[PDB]
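Presented below, as structure tokens, is a lone chain in the form deposited in one PDB entry.
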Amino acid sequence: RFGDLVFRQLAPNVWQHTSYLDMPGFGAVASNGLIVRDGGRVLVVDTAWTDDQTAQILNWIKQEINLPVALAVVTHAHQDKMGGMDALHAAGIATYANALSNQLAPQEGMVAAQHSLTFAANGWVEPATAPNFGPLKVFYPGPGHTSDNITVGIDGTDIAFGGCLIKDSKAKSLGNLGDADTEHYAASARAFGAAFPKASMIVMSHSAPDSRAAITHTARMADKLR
């Protein structure tokens, strides 16, 4: 039911879900997402690589929490974050993604979410496109690792999730630059830091949670791209 995945409590109301890619050509690549308990409900950030693993996420919530799952947000269109979209849809869960991510989805061989988020000129999601997100604060830093990458803070916790935008403080490099925007990358990573200026824990797309140092390390590496 929920065997393959790893679930790690990061705060009383917040857990990290981790799933591993099984595909020929690849190592077992970790992908992280978040489960957030808000009062009498649960919110999910990102799926797992596959429908099956994503369903395991829902089974864990059922067994370990036993509150209904209100909504899911995906932070960019890639298999690792979007892979299980139809598992969410099949469970009757409302899904949200940046409009651009929904547009990119089919190009990526992935299913789009049900609703498109839009963003104000200052980078903050428009509350009309993100009803009842509660503690979830959603920000679009501008183009970075990808053009569609979005970021989320969790109110009352001091954790923020950069998605693919922020690399670990130990990272040798910025990783896959295929979708990257060379000139705006540094500015985007710094905008993220200023958007969640109080967050002491930055959740990573692949490795373990890091500190604000990751943000600085990333921006400085991106400074050399230009």
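Numbers for residues come from their place in the sequence shown, where the first is 1. Residues that one form lacks are left out of the comparison. In this text, rigid core is short for the largest set of C-alphas that superpose within 1.5 Å between two forms.
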Avg C-alpha B-factor, entry values, 23 to 31 vs 41 to 49, higher side is 23 to 31
The stretch whose C-alpha atoms carry the larger average B-factor in the entry, 6 to 14 or 204 to 212, is 204 to 212
Based on the PDB entry, the highest CA temperature factor among the options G153, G92, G109, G83 is that of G83
Among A160, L177, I57, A194, highest Cα B-factor in the entry goes to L177
Chain thirds by Cα B factor, record data; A130 belongs to the highest
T182: CA B-factor among chain residues, third -> highest
Quick tally, chain-level thirds of C-alpha B-factors: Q63 sits in the middle
Entry-reported C-alpha B-factor of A171 relative to its chain, by third, is highest
Sorting the chain's modelled residues by C-alpha B-factor and splitting them into thirds places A121 in the highest
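Unshown form solved in complex with a small molecule; subsequent notes refer to it.
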Check whether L174 has any heavy atom within 4.5 Å of a heavy atom of the small molecule in the deposited bound form, and answer yes or no. yes
I'd like to know if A186 sits close to the small molecule in the deposited bound form, meaning any non-hydrogen atom pair within 4.5 angstroms. no
_Within 4.5 Å, heavy atoms only: does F196 come near the small molecule in the deposited bound form?_
no
Do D148 and the small molecule share at least one heavy atom pair within 4.5 Å in the deposited bound form? no
As a check of understanding, the residue in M201, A70, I65, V29 with any heavy atom within 4.5 Å of the small molecule in the deposited bound form should be identified as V29
Within 4.5 Å of the small molecule in the deposited bound form by heavy atoms, the stretch out of 94 to 102, 135 to 143, 120 to 128, 74 to 82 is 74 to 82
If we fit on the core, is the Cα of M23 displaced 2 Å or more between this form and the one not shown?
-> yes
Checked in the deposited bound form: CA of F26 to CA of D168 differs by 3 Å or more, atoms lying closer
With the core held fixed, contiguous blocks of 3 or more residues moving 2 Å or more at C-alpha between this form and the one not shown run 22 to 26
